[PDB]
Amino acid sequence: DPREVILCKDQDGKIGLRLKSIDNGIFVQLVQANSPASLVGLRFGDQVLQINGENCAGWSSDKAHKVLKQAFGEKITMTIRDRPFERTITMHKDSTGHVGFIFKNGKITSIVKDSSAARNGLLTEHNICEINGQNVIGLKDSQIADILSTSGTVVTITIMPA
């Protein structure tokens, strides 16, 4: 089900959040670390239903950001649906220490034949969100590879359509 969240604006007068209009709906594109957004448990992928009571259905990215910018008081209220496009998939590394997919800009671009990823039916055109609980949104590809490399045999990732 959805849920309500109350959060306050920081010194610089922001919440550390980017919103994207996708199919006439507003979605969290990035949540900056240690921000008011972070504390109340907002994460990349969350759907924004209302902002201060008003429905977001139909709003552009620009409209959604302009509402928050001129939003009145200390406290903004938001009705959220938790990552509705969330898919978790558990994979196992082979002898070479690989689960078997290629990615660019944190998005899966190809699957390796007869790998663990192929076995479990991983899909391309999906962004990597987490790896074993560690959020990888807004990291460089090399930083993602480090996390993959420093993982154990069991590799659980969370994905979403691009």
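Numbers for residues come from their place in the sequence shown, where the first is 1.
When the C-alpha temperature factors are averaged for each of 65 to 73 and 101 to 109, which stretch ends up with the higher value in the entry?
Taking the mean B-factor of the alpha carbons in each, 65 to 73 is higher.
Between 31 to 39 and 133 to 141, name whichever shows the higher mean Cα B factor according to the PDB entry.
Comparing 31 to 39 with 133 to 141, the higher mean C-alpha B-factor belongs to 31 to 39.
Taking the chain's C-alpha temperature factors as the reference, tell me which third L17 falls into: lowest, middle or highest.
According to the entry, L17 has a C-alpha B-factor in the chain's highest third.
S151: which third of its chain by C-alpha temperature factor?
According to the entry, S151 has a C-alpha B-factor in the chain's lowest third.
Would you please rank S60 by its C-alpha temperature factor against the other modelled residues of its chain and give the third it falls in: lowest, middle or highest?
It falls in the top third of the chain.
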